[PDB]
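Asks:
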Amino acid sequence: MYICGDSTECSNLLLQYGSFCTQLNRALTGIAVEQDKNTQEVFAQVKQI
Amino acid sequence: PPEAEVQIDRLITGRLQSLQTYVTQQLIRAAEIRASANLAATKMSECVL
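Order-wise, the sequence lines are chains A and B. Per the deposited numbering, the very first residue in the first sequence carries number 740; after that it's consecutive. Per the deposited numbering, the very first residue in the second sequence carries number 986; after that it's consecutive.
This is how it looks when you write it as structure tokens:
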């Protein structure tokens, strides 16, 4: 959507670049997961409320 | 010859971008593992010795 939002012709040209979109998605997902992990490490240190 | 040079240069650029991407990710990941190694070393000294 960032590059070829709603454009079939543009999308087909992106396919010539292989995995670049996949890699970008993985990197951002990895960050998102990490951010919840960080919160838990700091605050959820006890299992008793 | 000149037709090939255009096509060859296009592949070279694409492949160089792929290597640069790879290396950048490895550098970032290496910093992460180093931080772990430093922690491990700290624990070794403080809790084992």
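Just so you know, even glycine gets a beta-carbon here, dropped at the ideal spot from N, CA and C.
1) According to DSSP, simplified to helix, strand and coil, what is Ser750 (chain A)?
2) Flag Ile1013 (chain B) as yes if its beta-carbon sits less than 7 Å from any beta-carbon of chain E, otherwise no.
3) Of the residues A:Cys760, A:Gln755, A:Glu748, which one's Cα is nearest the Cα of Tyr741 (chain A)?
Replies: Inspection of the coordinates gives the following:
1) helix
2) Among the protein chains of the structure shown, namely A and B, there is no chain E.
3) A:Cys760
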